[PDB]
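Fold and geometry: a report
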Amino acid sequence: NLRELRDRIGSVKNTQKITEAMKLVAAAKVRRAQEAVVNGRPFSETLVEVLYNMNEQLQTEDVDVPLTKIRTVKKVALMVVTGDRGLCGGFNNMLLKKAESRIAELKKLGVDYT
Amino acid sequence: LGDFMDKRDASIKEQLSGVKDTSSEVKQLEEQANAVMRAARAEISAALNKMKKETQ
Amino acid sequence: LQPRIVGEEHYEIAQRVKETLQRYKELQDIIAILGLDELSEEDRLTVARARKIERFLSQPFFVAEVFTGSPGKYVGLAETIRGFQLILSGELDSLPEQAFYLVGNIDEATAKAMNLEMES
Amino acid sequence: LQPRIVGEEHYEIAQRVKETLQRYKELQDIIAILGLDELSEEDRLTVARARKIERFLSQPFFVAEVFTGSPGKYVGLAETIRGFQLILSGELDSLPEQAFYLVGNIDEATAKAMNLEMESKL
Amino acid sequence: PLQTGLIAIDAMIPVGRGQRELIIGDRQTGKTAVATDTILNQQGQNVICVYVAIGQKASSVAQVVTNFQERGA
Amino acid sequence: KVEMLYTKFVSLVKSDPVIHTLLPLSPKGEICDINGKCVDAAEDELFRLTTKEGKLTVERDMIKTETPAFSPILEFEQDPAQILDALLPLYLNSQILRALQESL
Amino acid sequence: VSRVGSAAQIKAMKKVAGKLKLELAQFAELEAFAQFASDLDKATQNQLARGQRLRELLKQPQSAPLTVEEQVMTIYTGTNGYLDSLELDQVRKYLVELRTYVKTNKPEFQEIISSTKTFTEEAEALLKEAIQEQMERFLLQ
Amino acid sequence: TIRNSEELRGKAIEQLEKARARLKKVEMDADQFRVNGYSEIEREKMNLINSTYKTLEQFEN
Ligand SMILES: Nc1ncnc2c1ncn2[C@@H]1O[C@H](COP(=O)(O)OP(=O)(O)OP(=O)(O)O)[C@@H](O)[C@H]1O
């Protein structure tokens, strides 16, 4: 049985050296993604400053835009974004299970979630 | 003419009222079959098992 | 461990323990590598309940008080059915792994759970 | 198994099957710990390919039918290299894998594939 | 054919009269149990069984002959 | 009251999600959630990978920026009750892209 | 492995499920393979739930030596996919109900086939008939 | 549409007749299950008692 468990050891060497590869690749993806986010940053900065001073300048509530007007409690949608590739682990279906409890909380008041 | 119109209106309304009543009655007969056969299966199977264990 | 000796109830009690714990070992040798949450929700719960039975079988010994410190406890057949029953039904299903650790009686595990929940 | 003595295309068939097969036999433990669906695509195709390959080259025997259920097949090597030139190339990657299970010839594998698709309907 | 009484063996891996199938396995996994089961399966098949017990507990062989006295085999 | 559920970024292991409320919006800076989150000043943080040891962490500072009151003399060719009706889709798209990439 | 094969078992079980050994071998591998269960193919989903229910047929109680005709019954119940739609963990109950139902209703089946050792259309007909009946009985309930 | 609602009412009453018919037939099948269960408890008790007594007599022999 010696050679076969020896080869299980060798494949565990393989496994460690491949999990290291996945580790470094995901680190490169994290670097590129945070680079893209700080790339889209000044867009965000500009829009929030112009939005803050615009809704400061508006100065009275004669603004009937349907996207913002805080209306009644009908259906409350879920814009949930989830895992990207299934080496996820815990948090990336833990968001799903917290979403399940939020579906429970929306059916508490019975609001007909979407 | 108003009597004829009120007649047809109230008649169709009572017809739909009886339609909903008959739907609830069909669900009531479904409850009849459901509880009857369910308690029947329970009684027959549980009595058979209990008397089987006792005689065993 | 035969139904026609221990009662079929105690036989399947021992079964429903053993299936779960053997499954836990079969999952153990691949969970230790590559971590906990790569399982199903089911297999995660089954691991939790298997380790529940595991720490639940930590019988405190009456002669081991002078070695460890805890004055051990005595348990019997009502325990033999009921601790299993609460574990496998899911009555005790939120108290932690310490909350049945080194306590024989399952009611003693419940009181221990009360005490550790009280100390927070 | 020299190329010049088996035919230099038959040898390429043999090399391609041994290559993707050995790579799969390497990959299989990494599969068993990280999931095929994770295991990257340029090898995720080859694992399913060679996975079809080995089961296709499982072929029934005229005596083993007592152990299998269907009477076997005496397969010709041209038919073999033909079917493998389909699989290793990736022409018959549309077929289900168990259509290659225990099949003498690749046209019979297409036939069993149509039968499997038919029963996927029925 | 020769009959097992146990399902999966006759299902996939058949035993036959004259065929010498080999039960194998670790300890405490029902080897003697499936042996006695495929013995007292034979109740109308005109099958002599020879349970040659070798080198184990006489209490165990008394248990199996007790089960045989129960099952008539 | 949409309940946007991206997953946050606080630690490398357990970045617990929070349930954003995208649409409808609110007063300008307010991008509050259902669970009283309410950063409410729409200047946000930016995650970075601090390296204090052999391992890594998260570096997020709530980076603020000014309200310039951009110009009193800047003229509104489209009637500032009207230009905001199209500016708010842009805030929606920026929030949904920031949530998308935070989830990633 | 049994290295003499079907020639040392009955022709009825032969004609029913000679192939089931290799089918279950594939189910064992694929169930080892279905550890990576994220997006299973629908056909392999059918295959895995199939061989799942088959393995559940290969459960049997302590010292209950089934009639070889009953083994033919359960082997055809498995190989003809009636149990595929049914409940996956109540297959033991389905089987004991089915065997009691046939052993009462149509005990002519087991004797005609034990006199012929052959899975004929009469066997098929009696089988699928009591299968419809007891499938109804255990669907309700 | 009012007439379709009335015909749907008639269909509901037909399904209620089906429910009552299957209720009576289910009670008949329950009498059947009680009959077969009486026969089964009889078979179990008689088989166990008689076979155990005969096995005791075989032990006596
Ligand atoms: N179908 C079955 N269902 C439940 N239990 C079973 C089954 N078959 C065998 N067993 C159990 O296996 C246990 C061990 O029996 P057995 O002594 O034959 O195992 P073994 O490996 O032969 O042990 P040893 O080699 O020490 O005799 C028995 O207690 C028996 O109940």
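Residues numbered from 1 in each chain as written, not as in the entry; some residues may be left out. Chains lettered and ligands numbered in written order. Part of a larger assembly, values for the part shown. Heavy atoms only, no water. Residues with missing side-chain atoms left out of burial classes, pairs and counts.

Looking at the entry header, you'll see cryo-EM listed as the method and 4.51 Å as the resolution.

The name recorded for chain E in the PDB entry is ATP synthase subunit alpha, chloroplastic, from Spinacia oleracea. Listed in the archive, the entry goes by the title "Chloroplast ATP synthase (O2, CF1FO)".

Going by the annotation in the PDB entry, the name recorded for chain D is ATP synthase subunit beta, chloroplastic, with Spinacia oleracea given as the source organism.

Our focus in this paragraph is the packing of helix α1 (residues 2-55) of chain B against helix α1 (residues 2-60) of chain H. At a minimum axis distance of 8 Å, the contact between α1(B) and α1(H) shows a crossing angle of 5°. Overall, the two elements α1(B) and α1(H) adopt an arrangement that is roughly parallel. Taking contact as the criterion, the partners of B:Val19, B:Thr22, B:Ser23, B:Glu25, B:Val26, B:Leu29, B:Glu30, B:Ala33, B:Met37, B:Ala40, B:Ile44 and B:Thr55 in α1(B) are, on α1(H), H:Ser5, H:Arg9, H:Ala12, H:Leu16, H:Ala19, H:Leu23, H:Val26, H:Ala30, H:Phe33, H:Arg34 and H:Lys45. Taken together, the residues of the contact of α1(B) with α1(H) break down into 14 nonpolar, 4 polar and 5 charged. (Axes fitted to C-alpha atoms, helices over the stretch in contact; angles between N-to-C directions. Helix = DSSP H or I, 4+ residues; strand = E, 2+ residues; numbered from the N terminus. Parallel < 35°, antiparallel > 145°, perpendicular 65-115°, else oblique. Contact = heavy atoms within 4.5 Å. Nonpolar A, V, L, I, M, F, W, Y, C, P; charged D, E, K, R; others polar.)

Next up on the list: the packing of aromatic side chains. Relative to D:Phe100, the ring of D:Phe56 lies with its centre 6.0 Å away and its plane at 80°, an arrangement referred to as edge-to-face. In this pair, D:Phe56 sits in helix α3 (residues 41-56) while D:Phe100 sits in the loop between α5 (77-87) and α6 (106-121), placing the two residues 44 residues apart along the sequence. Their ring planes at 40° and their centres at 4.8 Å tell us that G:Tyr76 and G:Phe119 sit as a pair that is tilted. Highlighted residues: G:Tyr76 in helix α4 (residues 68-79) and G:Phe119 in the loop between α7 (107-116) and α8 (121-139), separated in sequence by 43 residues. (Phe/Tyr/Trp six-rings, centres within 6.5 Å; stacked < 30°, edge-to-face > 60°.)

Now for the arrangement of the chains. Taken together, the 11 pairs of chains in contact show their highest number of contacts between chains A and F. Without any contact between them, chain A and chain B keep their closest C-alpha atoms 24 Å apart. Separating chain D from chain F is a minimum C-alpha gap of 16 Å, and the two share no contact.

Each side of the interface is counted separately: chain F has 50 residues, and chain A has 39 residues. Put simply, the parts of the chain that give the side of chain F that touches chain A at least two residues each are β1 (3-6), β3 (45-48) and α1 (84-103) of chain F. Tallied by class, the residues present in the side of chain F that touches chain A amount to 32 nonpolar, 8 polar and 10 charged. Of the strand pairs in this sheet, strand β1 (residues 78-80) of chain A and β1(F) are connected by 3 bridges, and their pairing is parallel. Note that in β1(F) the partner of A:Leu78 across the bridge is F:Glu3. (Pairing = 2+ DSSP bridges.)

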